[PDB]
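Asker: Next up is a structure, given as structure tokens.
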RNA sequence: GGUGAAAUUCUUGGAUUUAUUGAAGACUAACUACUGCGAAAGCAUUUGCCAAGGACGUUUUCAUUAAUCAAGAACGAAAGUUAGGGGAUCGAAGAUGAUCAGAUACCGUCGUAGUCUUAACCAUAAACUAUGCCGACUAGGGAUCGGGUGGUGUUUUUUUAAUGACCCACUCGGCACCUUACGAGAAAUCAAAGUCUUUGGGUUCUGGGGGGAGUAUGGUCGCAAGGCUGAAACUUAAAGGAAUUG
Ligand SMILES: [Mg+2]
Ligand SMILES: [Mg+2]
Ligand SMILES: [Mg+2]
Ligand SMILES: [Mg+2]
Ligand SMILES: [Mg+2]
Ligand SMILES: [Mg+2]
Ligand SMILES: [Mg+2]
Ligand SMILES: [Mg+2]
Ligand SMILES: [Mg+2]
Ligand SMILES: [Mg+2]
Ligand SMILES: [Mg+2]
Ligand SMILES: [Mg+2]
Ligand SMILES: [Mg+2]
Ligand SMILES: [Mg+2]
Ligand SMILES: [Mg+2]
Ligand SMILES: [Mg+2]
Ligand SMILES: [Mg+2]
Ligand SMILES: [Mg+2]
Ligand SMILES: [Mg+2]
Ligand SMILES: [Mg+2]
Ligand SMILES: [Mg+2]
Ligand SMILES: [Mg+2]
Ligand SMILES: [Mg+2]
Ligand SMILES: [Mg+2]
Ligand SMILES: [Mg+2]
Ligand SMILES: [Mg+2]
Ligand SMILES: [Mg+2]
Ligand SMILES: [Mg+2]
Ligand SMILES: [Mg+2]
Ligand SMILES: [Mg+2]
Ligand SMILES: [Mg+2]
Ligand SMILES: [Mg+2]
Ligand SMILES: [Mg+2]
Ligand SMILES: [Mg+2]
Ligand SMILES: [Zn+2]
Ligand SMILES: [Zn+2]
């Protein structure tokens with residue numbers, strides 16, 4: 002019987018949305034589905050800022066950022082545990098971490 | 020087996036006078052030989068420098084300028100404005116959810132004959148007391164905002180030469196002029212001319228190039 | 002009183018040659034036998050003769066044309082490619 | 001067997017019985 | 010301030026690391042050495058180990074050619090590919106600032122489409 | 053014997069008072085009474101003839117000269133034309149793509165006429181019967197019908213012998229092979245139905 | 006906020022007085038009775054130029070219609086075609102005094 | 001290069017990387033959401049033209065003109081089909097490198113039809129909300145989209161109203177959400193899946209144990225692949241739904 006009252010992710014009044022390509026396995030899943038996570042980081046990561054700010058010219062300067070929006074299919078997100086299985090009731094909560 | 024790096028010479032790259040710091044750096048080309056001029060492999064080169072390096076301020080931190088060298092003389096190479104782009108990091112940061120992204124572009128020739136495509140970008144903003152979470156524009160807003168931005172692009176570029184446009188961009192007179200026209204319509208946070216592409220170039224004319232370079 | 006179902010003009014060919022070619026010929030034969038609109042006189046009097054040439058029965062203007070139809074598909078698209086490139090040169 | 005392929009299985013059969021019936025015209 | 014400014018273009022994919030230095034114009038490259046040159050692995054071509062190890066020779070060759078300063082432009086594979094920076098990309102950038110070369114003006118140039126050109130793997134994914 | 057029409061184009065004699073008629077291959081849209089301007093300073097409309105240097109890249113042209121003043125060579129067949137790819141003012145040279153798919157470099161003074169040759173889709177209609185192929189070649193030359201070389205006797209051909217109609221040796225023939233050895237597939241670098249689909253690089 | 010042209014000619018057709026065709030407009034162009042001539046875009050450059058030289062002479066306003074003599078006649082609400090229309094009496098229609 | 005690890009492959013004809021310029025074909029990123037529009041399939045760069053549409057507003061008009069529908073008709077993803085164009089990318093078949101006891105596969109390389117387009121076919125998808133339409137009634141909550149009303153609201157410019165944009169209240173019509181259970185249900189759950197043994201507002205459609213079977217046959221449409229219509233003999237005590245504990 003029906004598992005989620007959203008079925009997959011949210012459509013409710015459309016009927017078709019273009020698919021997107023999974024970022025890990027390269028699957029096809031409708032963009033309405035497909036767990037998406039914003040990925041922002043510094044170019045210099047963690048320990049390098051020391052040796053980066055010392056070797057660098059300029060006073061200060063600043064750290065640029067890498068901005069990437071990841072799309073997973075249901076298979077990869079579960080396997081990469083970008084998400085995990087919750088209890089019958091806990092599944093209902095759409096609220097973030 | 021030659022370790023060719025003792026072959027080549029060194030030339031000092033010169034920026035246009037429309038900028039502040041006019042010594043960009045250096046570069047190497049092989050030594051001029053019979054049936055190879057080092058000016059040949061020198062000419063078509065294009066250099067991308069940050070406008071922070073050019074103007075010296077960090078308010079220009081993103082905004083890269085392409086600089087193409089037309090001619091070389093006596094270890095110096097004179098470069099002209101080849102275009103401007105926005106440094107993807109800066110571009111990505113300004114794109115955010117819960118807002119309308121508006122883009123516009125126009126292609127227009129300048130007074131000196133230069134065919135240019137210039138791009139603009141803006142975003143809607145919540146304002147003051149606004150309790151709704153998104154602040155998207157209506158379609159009718161964006162149509163009229165794009166019409167206004169392009170009106171200004173064609174106007175500001177039409178009367179001007181390649182240097183006036185350059186001289187206009189550094190202060191960002193266009194951004195401010197855009198915000199003025201647009202606020203009757205919709206709040207419109209940020210705003211920029213984010214790119215300018217060289218499409219057609221006139222015939223050589225060292226005269227205009229020496230007037231830009233040289234005297235100072 | 003509808004006469005043929007499928008063949009139309011190609012009932013002349015009867016049974017012969019195989020349908021696929023009878024169909025294929027049906028296409029171009031209706032085209033070449035069809036009457037067309039004239040650019041100059043604005044009536045539909047243009048007929049073919051001698052494939053490639055299309056003359057108007059009223060105003061007697063004759064136009065080089067496609068084999069079995071007046072305008073070639075790739076012609077008209079070339080017609081614009083030239084106007085497009087010619088306007089580049091004069092403006 | 002998976003219901004799509006059993007639908008393919010019987011589609012092939014039907015073609016072959018149309019061919020065999022076509023022998024006698 | 011002086012120095013002399015080259016550009017270090019670092020391409021880090023997931024099977025290799027690219028450490029490539031040219032002058033302010035991409036013509037006339039100074040020093041280019043990758044990760045598969047410093048090990049015989051085929052797996053460890055992309056390891057941070059080789060990435061650091063490759064940026065030694067470049068920076069040694071930058072001194073020998075005389076480039077004292079670098080701008081760094083870092084890129085993933087891009088196009089229809091991964092888009093996520095490769096593992097060697099941080100080690101390489103660190104080894105370059107660690108070798109005594111002066112850094113500045115880092116940007117991420119990995120190529121992104123306006124959404125083109127259907128991606129590999131055929132809609133059912135690469136399934137394992 | 054020509055698919056495509058010809059259009060008869062009347063000029064004034066420059067050095068004597070009289071008419072001079074020229075026979076042009078009608079360019080699909082050319083028409084009776086239309087004016088046709090000829091030379092370097094002609095406009096870019098269809099049916100006028102220009103030098104090749106004097107047109108932009110992308111310009112599609114018909115009956116273009118091989119050397120300037122040979123009064124036309126390339127792409128005269130019904131439906132055909134040549135596209136100008138580019139120009140090279142170092143020795144006056146425009147490179148063009150010929151209907152065969154090949155890329156040719158000729159002198160930009162080589163003239164062509166704007167547009168494509170008329171007569172459209174002639175080869176798209178099935179001949180349908182031999183009598184149509186008959187009248188076809190009647191007006192052309194005696195190439196038709198054709199008797200297969202396997203159908204003849206060894207005396208009549210290399211395909212020759214019998215008891216079974218068969219070629220019995222490779223039907224691809226050395227380029228350097230002697231006339232009377234050359235029938236079948238001649239210089240072929242390959243054979244078979246290709247499925248390649250690219251008519252040029 | 007714009008009335009096109011055919012909408013203008015429609016009023017001229019019920020409320021005005023007009024003549025159609027190359028003969029009756031020149032019969033009208035000579036006599037001075039014509040305030041407008043509307044020429045089909047596809048009539049020949051000679052008939053355009055003889056109509057022109059009958060107009061510039063007579064101080065008569067010449068509208069170059071955009072379209073063929075098929076659509077021109079539909080624009081005057083007739084089932085046949087006309088290459089040229091001559092306006093004698095403007096009716097409730099403003100065609101003379103408008104931007105045209 | 002490529003992978004978990006390899007290999008097939010490409011390379012001192014300089015592969016890969018870098019630079020300048022150009023060619024082709026497809027796609028339309030980020031903005032993009034429990035947001036919008038269309039009868040459904042479906043629909044995302046700009047600008048122009050072409051006719052269309054809901055809702056709202058209305059002391060305008062007609063006056064029962066309607067609701068639902070056998071037959072009949074329009075549209076109908078993808079694949080596939082016919083001629084022509086196109087043919088970058090991905091990629092059925094095929095061919096390969098590996099894995100494996102085998103490996104016709106899953107992973108790797110090459111790649112045909114295809115993928116795009118014109119003009120024709122085809123008429124099917126878990127074409128899903130697995131939920132016919134029109135009408136009335138029965139309960140609470142806060143967001144959001146479109147229109148309208150109400151304000152000595154706020155923020156805008158030389159403060160000038162405007163128009164905008166925002167804020168609060170109201171109200172119609174939307175895509176949805178949250179709580180509840182008066183009620184319903186085999187339960188999962190349902191704001192309809194309620195107002196049904198206290199059984200009746202109007203109407204279309206479909207099912208009657210599981211198999212055989214969506215087969216056979218006839219008919220019909222289709223170029224074909226196929227679609228629509230669609231049995232029976234015989235076989236069998238279960239098949240199945242939801243929930244529960246292991
Ligand atoms: Mg389950
Ligand atoms: Mg669907
Ligand atoms: Mg009869
Ligand atoms: Mg490797
Ligand atoms: Mg592939
Ligand atoms: Mg595969
Ligand atoms: Mg898995
Ligand atoms: Mg003979
Ligand atoms: Mg033959
Ligand atoms: Mg024969
Ligand atoms: Mg014999
Ligand atoms: Mg012999
Ligand atoms: Mg022999
Ligand atoms: Mg023989
Ligand atoms: Mg035989
Ligand atoms: Mg034989
Ligand atoms: Mg976009
Ligand atoms: Mg929207
Ligand atoms: Mg289809
Ligand atoms: Mg298809
Ligand atoms: Mg085809
Ligand atoms: Mg292809
Ligand atoms: Mg295979
Ligand atoms: Mg086939
Ligand atoms: Mg109801
Ligand atoms: Mg409510
Ligand atoms: Mg107010
Ligand atoms: Mg102000
Ligand atoms: Mg809605
Ligand atoms: Mg009760
Ligand atoms: Mg029920
Ligand atoms: Mg029963
Ligand atoms: Mg039953
Ligand atoms: Mg039964
Ligand atoms: Zn996946
Ligand atoms: Zn005519």
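Residue numbers (the deposited numbering), protein chains in the order written: chain d6, 2 to 98; chain s1, 20 to 235; chain q3, 2 to 92; chain q1, 1 to 25; chain c4, 10 to 137; chain l2, 53 to 253; chain o0, 6 to 105. Don't be surprised by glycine CBs; every beta carbon is placed ideally from N, CA and C.
So if DSSP puts residue 140 (chain l2) in a beta bridge, which residue, or which two residues, is it bridged to?
Answerer: Answer is 145 (chain l2).
Asker: In three-state terms, what does DSSP make of residue 227 (chain s1)?
Answerer: In the structure shown, residue 227 (chain s1) sits in a helix (DSSP, three-state: H, G or I).
Asker: Hey, is residue 98 (chain c4) close to ligand 4, as in C-beta under 7 Å from one of its heavy atoms?
Answerer: Flag unset: Cβ of residue 98 (chain c4) not near ligand 4.
Asker: Any residues in the segment 85–97 of chain d6 with a beta carbon nearer than 7 Å to a beta carbon of chain s1? Which ones, in chain order?
Answerer: Cβ contacts with chain s1 come from no residue of the segment 85–97 of chain d6.
Asker: With DSSP as the reference, label residue 36 (chain s1) as helix, strand or coil.
Answerer: The answer is coil: DSSP assigns residue 36 (chain s1) none of H, G, I, E or B.
Asker: Let me know the alpha helix (DSSP H) ranges lying completely inside the segment 2–77 of chain d6, each 4 residues or longer, listed in chain order.
Answerer: Runs found: 49–56.
Asker: Closer than 7 Å by C-beta to residue 16 (chain o0): which residues in its own chain qualify, once you throw out the five before and the five after it? Chain order, please.
Answerer: 96, 97, 98, listed in sequence order.
Asker: 8 Å is my cut-off, CB to CB: does residue 37 (chain d6) come that close to chain s1?
Answerer: Answer no: the Cβ-Cβ gap between residue 37 (chain d6) and chain s1 never drops below 8 Å.
Asker: Go ahead and label residue 5 (chain q1) buried or exposed: buried means 16 or more other beta carbons lie within 10 angstroms of its beta carbon, across all protein chains shown.
Answerer: Residue 5 (chain q1) should be labelled exposed.
Asker: Relative to ligand 2, is the shortest distance from any of its heavy atoms to the C-beta of residue 14 (chain d6) smaller than 7 Å?
Answerer: No, since every heavy atom of ligand 2 falls outside the 7 Å radius drawn around the Cβ of residue 14 (chain d6).
Asker: Report buried or exposed for residue 176 (chain s1), applying the criterion of at least 16 other Cβ atoms within 10 angstroms of its Cβ.
Answerer: Buried is the call here.
Asker: Mind checking residue 14 (chain s1): buried by the 16 CB within 10 Å criterion, or exposed?
Answerer: With chain s1 running from 20 to 235 in the structure shown, residue 14 (chain s1) is simply not present.
Asker: Buried or exposed, going by whether 16 or more other CB atoms sit within 10 Å of the CB of residue 211 (chain l2)?
Answerer: The residue in question, residue 211 (chain l2), is buried, as its Cβ has 16 or more Cβ neighbours within 10 Å.
Asker: State whether the segment 43–63 of chain d6 contacts the segment 80–90 of chain d6, with contact taken as three or more CB pairs (one from each stretch) at a distance under 8 Å.
Answerer: The segment 43–63 of chain d6 is not in contact with the segment 80–90 of chain d6.
Asker: Alpha carbon to alpha carbon, what distance is there between residue 43 (chain q3) and residue 28 (chain o0)?
Answerer: Distance between the alpha carbons of residue 28 (chain o0) and residue 43 (chain q3): 18 Å.
Asker: Just how far apart, CA to CA, sit residue 70 (chain o0) and residue 80 (chain s1)?
Answerer: One C-alpha to the other measures close to 58 Å.
Asker: Run down chain c4 in chain order and give the residues with a C-beta less than 7 Å from the C-beta of residue 64 (chain s1).
Answerer: Going along chain c4 in sequence order, the residues near residue 64 (chain s1) (Cβ under 7 Å) are 34, 36.
Asker: Per DSSP, residue 124 (chain s1) is paired with what?
Answerer: Note: residue 124 (chain s1) sits in a beta bridge opposite 138 (chain s1).
Asker: Ligand 14 heavy atoms versus the CB of residue 212 (chain l2): any closer than 7 Å?
Answerer: Within the cutoff, so yes.
Asker: Helix, strand or coil for residue 30 (chain s1) per DSSP?
Answerer: Of the three classes helix, strand and coil, the one that applies to residue 30 (chain s1) here is strand, per DSSP.
Asker: Can we count residue 134 (chain l2) as close to ligand 16, meaning its CB is less than 7 Å from some heavy atom?
Answerer: No.
Asker: Which first and last residues belong to the alpha helix (DSSP H) in which residue 7 (chain q1) is found?
Answerer: Where residue 7 (chain q1) is concerned, the enclosing alpha helix (DSSP H) stretches over 3–23.
Asker: Please report whether the beta-carbon of residue 27 (chain q3) lies at a distance below 8 Å from any beta-carbon of chain l2.
Answerer: Taking Cβ atoms only, chain l2 never reaches closer than 8 Å to residue 27 (chain q3), which makes this a no.
Asker: Closest to residue 122 (chain s1) by CA distance: which of 107 (chain s1), 101 (chain s1), 141 (chain s1), 94 (chain s1) is it?
Answerer: Ranking the options by Cα distance to residue 122 (chain s1), first place goes to 141 (chain s1).
Asker: How many whole angstroms separate the CB atoms of residue 22 (chain c4) and residue 86 (chain c4), which I take to be in contact at a CB cut-off of 8 Å?
Answerer: With 8 Å as the limit, residue 22 (chain c4) and residue 86 (chain c4) qualify as a contact, their Cβ atoms being about 5 Å apart.
Asker: For ligand 14, is there any heavy atom lying closer than 7 Å to the beta carbon of residue 219 (chain l2)?
Answerer: Yes, ligand 14 has a heavy atom inside 7 Å of this Cβ.
Asker: Output yes if chain s1 places a C-beta closer than 8 Å to the C-beta of residue 20 (chain d6); else output no.
Answerer: False, the Cβ-Cβ gap to chain s1 never drops below 8 Å.
Asker: Our contact map puts residue 11 (chain s1) next to residue 164 (chain s1) with C-beta atoms below 8 Å; I'd like the distance itself, whole angstroms only.
Answerer: A question about residue 11 (chain s1) goes unanswered here, because the residues of chain s1 that appear run from 20 up to 235.
Asker: Relative to the C-alpha of residue 142 (chain l2), which residue among 127 (chain l2), 160 (chain l2), 136 (chain l2) is closest?
Answerer: Taking only the C-alpha atoms, the option nearest residue 142 (chain l2) is 160 (chain l2).
Asker: With a threshold of 16 other CB atoms inside 10 Å of the CB of residue 21 (chain q3), please say whether the residue is buried or exposed.
Answerer: So residue 21 (chain q3) counts as exposed.
Asker: For residue 63 (chain q3), write down the residues that DSSP places opposite it in a beta bridge.
Answerer: According to DSSP, residue 63 (chain q3) bridges with 56 (chain q3).
Asker: Would you kindly work out how many angstroms separate the C-alpha atoms of residue 152 (chain l2) and residue 187 (chain l2), rounded to a whole number?
Answerer: When rounded, the distance between both Cα atoms is 27 Å.
Asker: Quick check: the segment 179–198 of chain s1 against the segment 113–131 of chain s1, are there 3 or more CB pairs under 8 Å?
Answerer: Because the criterion of three Cβ pairs below 8 Å is met, the segment 179–198 of chain s1 and the segment 113–131 of chain s1 touch.
Asker: Taking Cβ positions only, does residue 86 (chain o0) come closer than 8 Å to chain q3?
Answerer: With 8 Å as the cut-off, residue 86 (chain o0) counts as an interface residue toward chain q3.
Asker: With hydrogens ignored, establish whether the beta-carbon of residue 100 (chain l2) is closer than 7 Å to any heavy atom of ligand 8.
Answerer: No.
Asker: State the Cα-Cα distance for the pair residue 47 (chain d6) and residue 67 (chain d6), rounded to the nearest angstrom.
Answerer: One C-alpha to the other measures close to 14 Å.
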